[PDB]
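Student: Structure incoming, see below.
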Amino acid sequence: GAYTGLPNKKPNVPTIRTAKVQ
């Protein structure tokens with residue numbers, strides 16, 4: 001997948017960069 005930005009919980013990303021990576 002990708003999984004980016006995990007300081008605590010999907011910050012700006014949708015869902016641990018997996019649902020909508022784009």
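Chain identifiers are assigned as A, B, and so on, following the order in which chains appear in the structure tokens; residues are numbered from 1 within each chain, and ligands are numbered from 1 in order of appearance.
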Which polymer residues have any atom within 7 Å of an atom of residue 3 in chain A, counting only C-alpha atoms, with same-chain residues fewer than 5 positions away left out, as an MDAnalysis selection string?

Tutor: chainID A and resid 16:18
